[PDB]
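Colleague: Could you work out the structure for the sequence below:
(one chain, ligands or ions: 3)
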Amino acid sequence: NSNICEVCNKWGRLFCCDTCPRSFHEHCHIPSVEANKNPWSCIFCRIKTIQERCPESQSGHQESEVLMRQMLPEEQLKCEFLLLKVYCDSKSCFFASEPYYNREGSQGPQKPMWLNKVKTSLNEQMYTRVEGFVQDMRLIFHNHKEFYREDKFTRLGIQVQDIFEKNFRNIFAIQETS
Ligand SMILES: [Zn+2]
Ligand SMILES: [Zn+2]
Ligand SMILES: [Zn+2]
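Modeller: Residues are numbered from 1 along each chain as shown. Ligands and ions are numbered 1, 2, ... in the order given. Below, you will see the structure:
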């Protein structure tokens, strides 16, 4: 097993996966690492098993169809993993916790949004369809672009959105296009 957390790359109190070498802090894993369960398989392993059970699930899909899917267990898992893939990037620190807005020449967004809120919303089964989760994720970066205007800090939103989008296309097997 690895000696650092797969998500935040720090050591500490780690839980080790039984079917791959990854390790996690308790609340870095999504869902939070489960109390008992021996053996325990991490989210990377669980996502791999889905693909292996249904190889055809990797054929291309239309985003419109993906977004309308109900949040049954497999889609819940895939959103959890996509969220985890965003937290894996260190630049997600900017978007994790509840923002506040007081900048000359800018007004705060009408609907603030942040990663820990999406995390809670997933944990509490508040999204009925994939679209709900994706909309809140995209709102995080859209709010940031709008607020920071021409400050070069806007680029952090572009960068972390790019990570989200690449992973969304990968996890949900979106049809590749030019
Ligand atoms: Zn961690
Ligand atoms: Zn694993
Ligand atoms: Zn099959």
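Colleague: Now residue 104: which helix or strand?
Modeller: For residue 104, there is no host helix or strand (DSSP states H and E).
Colleague: Got phi/psi on it?
Modeller: Per-residue torsions, residue 104: phi -60, psi 130 (degrees, to the nearest 10).
Colleague: contacting residues around it?
Modeller: The contact partners of residue 104, by C-beta atoms under 8 Å, 6 or more residues apart in numbering, come to none. (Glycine included, C-beta is placed from N, CA and C.)
Colleague: Ok, the one 3 residues further on next?
Modeller: Remark: with contacts taken as C-beta under 8 Å, 6+ apart, residue 107 is in contact with 101, 147.
Colleague: From residue 146, how far off is it?
Modeller: Distance, residue 107 to residue 146, by C-beta to C-beta, to the nearest Å: 9 Å.
Colleague: Which positions within stretch 156-170 qualify as buried?
Modeller: By 16 or more other C-beta atoms under 10 Å, the buried positions in stretch 156-170 come out as 156-157, 160-161, 163-165, 167-169.
Colleague: cool, stretch 44-59 as well?
Modeller: For stretch 44-59, by 16+ other C-beta under 10 Å, it's 44, 46-47, 50.
Colleague: Over to stretch 129-136?
Modeller: Per 16+ other C-beta under 10 Å, stretch 129-136 contains these buried residues: 130-134, 136.
Colleague: Quick check: nearest residue in space to residue 167, chain neighbours excluded?
Modeller: residue 85 (4.3 Å; C-beta to C-beta, 6 or more residues apart in numbering).
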